[PDB]
């Protein structure tokens, strides 16, 4: 295991684990909790912190920014990343047009109280904006020192390749990373497609929702000590998914996986996370945590890593029976 690795083939070194701020900062948890969670993460070697202009309507960014100024950590020791797409109710306040990328990132930076982010991501694809406009815009903010690199999220392999094509044709800067969902019940893209882009154009993979929003911790049957999101304001969809006919099917397999965990001497959450890092293809996994206990338990997945043999992996595949092909 390598705690720090390159994000894709770029020169940006990130910790294999990062702390995100979705649903948490400026929302579910208190600012005191947030400051505690980031300090723990930072003091434990994590240098990657992800946020977005849409999270808690900018509040997540403000909190994140406040913790950074309050703690006084050197900017050069942090790797801050934020996503852009949804930045307001006005028509021109969403998308990947040059206008919103400039205005959006500028706004996030003000809220974050930072001159620049290390990586600015397109939170998702934009059907209404030509790839050229977007790539120039991304290239622009980087040349303006508002960001060091840029990445994509929820983009198809072809779309990412199109970005690369545009960059090479007009001599702009290619994307260095894709933020994809990755957990035992969402594997195809990261396991089959992303490696392809890594070898062809050096694009790295930063994954999110290691526990499927908490579903994989088993907290909805055999879970670890924490709070509940499925029962949070506006997450009726999450509750539905969990209570769905299939929600029960996966919740059943977790029981079998829970076994392997005990057998390995770690919690289910730790198994699931270390599982995401088995991939050499995954540069870093973004953690989600509402309390210090969950965070440290998760950060413990690092230890579960060496004890993950090929047969243990194959055994996992059989239980999940969804290995990508």
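Positions refer to the first chain, counted from 1.
- Of the two segments examined, 103 to 111 and 208 to 216, it is 208 to 216 that shows the higher average Cα temperature factor in the deposited entry.
- Taking only CA atoms, the mean B-factor in the PDB entry is higher for 222 to 230 than for the other of 222 to 230 and 139 to 147.
- Highest CA B-factor among the listed residues (274, 63, 52, 261): 261.
- Of the residues listed, 265, 45, 288, 26, the entry assigns the biggest Cα temperature factor to 265.
- Among the modelled residues of the chain, residue 194 sits in the middle third by CA temperature factor in this PDB entry.
- The PDB entry assigns residue 248 a C-alpha temperature factor belonging to the highest third of its chain's modelled residues.
- In this PDB entry, the Cα temperature factor of residue 306 sits in the top third of its chain's modelled residues, the highest group.
- Annotation for residue 76: CA B-factor lies in the lowest third of the chain's modelled residues.
- Remark: residue 128 belongs to the middle third of its chain, ranked by C-alpha B-factor as recorded.
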